[PDB]
>>> print(open('query.cif').read())   # mmCIF, C-alpha atoms (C1' of nucleotides)
data_input
loop_
_atom_site.group_PDB
_atom_site.id
_atom_site.type_symbol
_atom_site.label_atom_id
_atom_site.label_comp_id
_atom_site.auth_asym_id
_atom_site.auth_seq_id
_atom_site.Cartn_x
_atom_site.Cartn_y
_atom_site.Cartn_z
ATOM 1 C CA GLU A 361 3.722 13.746 -30.730
ATOM 2 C CA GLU A 362 0.765 11.389 -30.857
ATOM 3 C CA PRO A 363 1.523 7.656 -30.906
ATOM 4 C CA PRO A 364 5.214 8.227 -30.563
ATOM 5 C CA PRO A 365 6.446 5.880 -33.246
ATOM 6 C CA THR A 366 8.014 2.490 -32.558
ATOM 7 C CA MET A 367 11.254 0.723 -33.491
ATOM 8 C CA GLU A 368 9.779 -0.576 -36.750
ATOM 9 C CA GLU A 369 8.686 2.864 -37.964
ATOM 10 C CA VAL A 370 12.000 4.491 -37.010
ATOM 11 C CA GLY A 371 13.997 1.741 -38.711
ATOM 12 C CA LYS A 372 11.880 1.912 -41.862
ATOM 13 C CA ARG A 373 12.304 5.695 -41.967
ATOM 14 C CA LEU A 374 16.073 5.348 -41.478
ATOM 15 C CA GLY A 375 16.280 2.428 -43.919
ATOM 16 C CA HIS A 376 18.394 0.332 -41.537
ATOM 17 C CA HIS A 377 17.813 -3.026 -39.894
ATOM 18 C CA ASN A 378 16.791 -2.813 -36.244
ATOM 19 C CA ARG A 379 19.980 -4.634 -35.226
ATOM 20 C CA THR A 380 22.049 -1.875 -36.856
ATOM 21 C CA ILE A 381 20.784 0.723 -34.385
ATOM 22 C CA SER A 382 20.398 -1.806 -31.561
ATOM 23 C CA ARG A 383 24.074 -2.814 -31.473
ATOM 24 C CA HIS A 384 25.347 0.692 -30.654
ATOM 25 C CA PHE A 385 22.702 2.836 -28.896
ATOM 26 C CA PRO A 386 20.716 0.752 -26.392
ATOM 27 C CA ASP A 387 19.991 3.518 -23.878
ATOM 28 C CA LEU A 388 18.303 6.022 -26.195
ATOM 29 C CA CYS A 389 16.490 3.282 -28.119
ATOM 30 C CA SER A 390 15.114 1.921 -24.850
ATOM 31 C CA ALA A 391 14.087 5.496 -24.037
ATOM 32 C CA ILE A 392 12.042 5.738 -27.253
ATOM 33 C CA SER A 393 10.525 2.298 -26.654
ATOM 34 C CA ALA A 394 9.607 3.232 -23.077
ATOM 35 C CA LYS A 395 8.041 6.508 -24.229
ATOM 36 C CA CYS A 396 5.922 4.713 -26.837
ATOM 37 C CA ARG A 397 4.875 2.011 -24.363
ATOM 38 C CA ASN A 398 4.024 4.611 -21.712
ATOM 39 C CA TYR A 399 1.891 6.574 -24.176
ATOM 40 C CA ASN A 400 0.081 3.384 -25.194
ATOM 41 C CA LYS A 401 -0.500 2.412 -21.551
ATOM 42 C CA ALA A 402 -1.788 5.884 -20.673
ATOM 43 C CA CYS A 403 -4.162 5.928 -23.654
ATOM 44 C CA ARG A 404 -5.408 2.456 -22.725
ATOM 45 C CA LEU A 405 -6.000 3.687 -19.168
ATOM 46 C CA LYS A 406 -8.069 6.689 -20.282
ATOM 47 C CA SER A 407 -10.004 4.441 -22.667
ATOM 48 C CA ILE A 408 -10.729 2.007 -19.821
ATOM 49 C CA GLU A 409 -11.902 4.797 -17.511
ATOM 50 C CA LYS A 410 -14.129 6.374 -20.163
ATOM 51 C CA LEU A 411 -15.562 2.983 -21.140
ATOM 52 C "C1'" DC B 1 55.820 -7.680 -59.303
ATOM 53 C "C1'" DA B 2 50.800 -8.621 -59.129
ATOM 54 C "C1'" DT B 3 48.159 -12.939 -57.834
ATOM 55 C "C1'" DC B 4 46.319 -15.539 -54.684
ATOM 56 C "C1'" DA B 5 45.821 -17.073 -49.940
ATOM 57 C "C1'" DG B 6 45.339 -16.018 -44.789
ATOM 58 C "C1'" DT B 7 43.120 -12.061 -41.651
ATOM 59 C "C1'" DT B 8 39.852 -8.003 -40.050
ATOM 60 C "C1'" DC B 9 35.892 -4.796 -39.731
ATOM 61 C "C1'" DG B 10 31.419 -4.128 -39.726
ATOM 62 C "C1'" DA B 11 26.744 -4.814 -41.775
ATOM 63 C "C1'" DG B 12 22.636 -8.557 -43.062
ATOM 64 C "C1'" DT B 13 19.800 -11.608 -41.455
ATOM 65 C "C1'" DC B 14 17.435 -15.330 -37.894
ATOM 66 C "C1'" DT B 15 16.037 -16.389 -33.811
ATOM 67 C "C1'" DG B 16 15.511 -17.303 -29.025
ATOM 68 C "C1'" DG B 17 14.207 -15.354 -24.471
ATOM 69 C "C1'" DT B 18 11.015 -12.073 -22.470
ATOM 70 C "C1'" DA B 19 6.379 -9.293 -21.881
ATOM 71 C "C1'" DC B 20 1.982 -7.325 -23.555
ATOM 72 C "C1'" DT B 21 -3.170 -5.506 -26.207
ATOM 73 C "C1'" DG B 22 -7.920 -5.183 -28.204
ATOM 74 C "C1'" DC B 23 -11.660 -7.357 -28.299
ATOM 75 C "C1'" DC B 24 -17.770 -11.230 -27.490
ATOM 76 C "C1'" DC B 25 -18.439 -16.170 -27.810
ATOM 77 C "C1'" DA B 26 -19.901 -20.636 -25.561
ATOM 78 C "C1'" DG B 27 -21.483 -23.459 -22.144
ATOM 79 C "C1'" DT B 28 -24.761 -24.172 -18.301
ATOM 80 C "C1'" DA B 29 -28.676 -23.772 -15.303
ATOM 81 C "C1'" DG B 30 -33.649 -21.661 -14.309
ATOM 82 C "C1'" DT B 31 -38.568 -21.526 -16.231
ATOM 83 C "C1'" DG B 32 -43.057 -22.333 -19.205
ATOM 84 C "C1'" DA B 33 -45.275 -25.085 -23.281
ATOM 85 C "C1'" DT B 34 -46.284 -28.777 -25.591
ATOM 86 C "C1'" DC B 35 -46.212 -33.079 -26.847
ATOM 87 C "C1'" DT B 36 -45.188 -38.500 -25.743
ATOM 88 C "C1'" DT B 37 -45.058 -43.014 -23.793
ATOM 89 C "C1'" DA B 38 -44.422 -47.537 -20.442
ATOM 90 C "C1'" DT B 39 -47.823 -48.192 -17.550
ATOM 91 C "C1'" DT B 40 -52.632 -48.058 -14.276
ATOM 92 C "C1'" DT B 41 -58.254 -47.857 -14.146
ATOM 93 C "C1'" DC B 42 -63.617 -48.136 -16.091
ATOM 94 C "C1'" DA B 43 -66.738 -50.139 -17.928
ATOM 95 C "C1'" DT B 44 -68.987 -54.437 -20.922
ATOM 96 C "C1'" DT B 45 -68.616 -59.739 -21.748
ATOM 97 C "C1'" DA B 46 -68.376 -64.583 -21.551
ATOM 98 C "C1'" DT B 47 -68.518 -68.940 -18.169
ATOM 99 C "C1'" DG B 48 -70.162 -71.233 -14.422
ATOM 100 C "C1'" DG B 49 -74.393 -74.958 -11.616
ATOM 101 C "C1'" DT B 50 -78.760 -75.097 -8.909
ATOM 102 C "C1'" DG B 51 -82.924 -74.119 -6.020
ATOM 103 C "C1'" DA B 52 -87.751 -72.308 -7.054
#
>>> encode(input="query.cif", output="structure tokens")
Amino acid sequence: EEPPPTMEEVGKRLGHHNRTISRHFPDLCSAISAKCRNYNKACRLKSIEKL
DNA sequence: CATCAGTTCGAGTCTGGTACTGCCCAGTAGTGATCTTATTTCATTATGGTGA
């Protein structure tokens, strides 16, 4: 979806500290972080072009 | 026997080590205008002694 959420939003929704997820599932968490960062970078790029 | 002391497992919490975003201000050098001042001219003004 839009602004794929970040680590903070996912952790707040799950009610767990970020280290709790981070100590067991690094690959998928890095996948979510990369997706969010890529969406932000793409949106910034379109904003730069349009501006 | 059931109490207390020595051991484990995993979660809570901080923090370093590593990368990254969305946004206008501040200083400097041009001009043109308008004063501003240490310094350079344009007249009067007083002092002077002697041959007609």
>>> residues_around(input="query.cif", residues="region 373-379 of chain A", least_positions_apart="5", cutoff="12 Å", atoms="only C-alpha atoms (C1' of nucleotides)", output="compact mmCIF listing (two decimals) with C-alpha atoms (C1' of nucleotides), keeping the file's coordinate frame")
# COMPACT_ATOMS: atom_id res chain seq x y z
CA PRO A 365 6.45 5.88 -33.25
CA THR A 366 8.01 2.49 -32.56
CA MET A 367 11.25 0.72 -33.49
CA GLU A 368 9.78 -0.58 -36.75
CA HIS A 384 25.35 0.69 -30.65
CA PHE A 385 22.70 2.84 -28.90
CA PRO A 386 20.72 0.75 -26.39
CA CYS A 389 16.49 3.28 -28.12
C1' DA B 11 26.74 -4.81 -41.78
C1' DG B 12 22.64 -8.56 -43.06
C1' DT B 13 19.80 -11.61 -41.46
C1' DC B 14 17.43 -15.33 -37.89
>>> closest_residue(input="query.cif", among="B:37, B:7, B:21, B:28", to="chain A", atoms="all atoms listed in the file")
B:21
>>> closest_residue(input="query.cif", among="A:363, A:387, A:382, A:404", to="chain B", atoms="only C-alpha atoms (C1' of nucleotides)")
A:404
>>> atom_distance(input="query.cif", atom1="CA of residue 397 (chain A)", atom2="CA of residue 364 (chain A)")
8.8 Å
>>> closest_residue(input="query.cif", among="B:17, B:5, B:22, B:40", to="chain A", atoms="only C-alpha atoms (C1' of nucleotides)")
B:22
>>> closest_residue(input="query.cif", among="B:33, B:1, B:38, B:20", to="chain A", atoms="all atoms listed in the file")
B:20
>>> axis_aligned_box(input="query.cif", around="region 22-39 of chain B", padding_each_side="3 Å", output="lines of an AutoDock Vina configuration file")
center_x = -27.9
center_y = -26.7
center_z = -21.3
size_x = 45.9
size_y = 49.0
size_z = 20.0
>>> closest_residue(input="query.cif", among="A:391, A:380, A:399, A:372", to="chain B", atoms="all atoms listed in the file")
A:380
>>> closest_residue(input="query.cif", among="B:10, B:27, B:51, B:16", to="chain A", atoms="only C-alpha atoms (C1' of nucleotides)")
B:10
>>> atom_distance(input="query.cif", atom1="CA of residue 370 (chain A)", atom2="CA of residue 393 (chain A)")
10.7 Å
>>> atom_distance(input="query.cif", atom1="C1' of residue 15 (chain B)", atom2="CA of residue 388 (chain A)")
23.8 Å
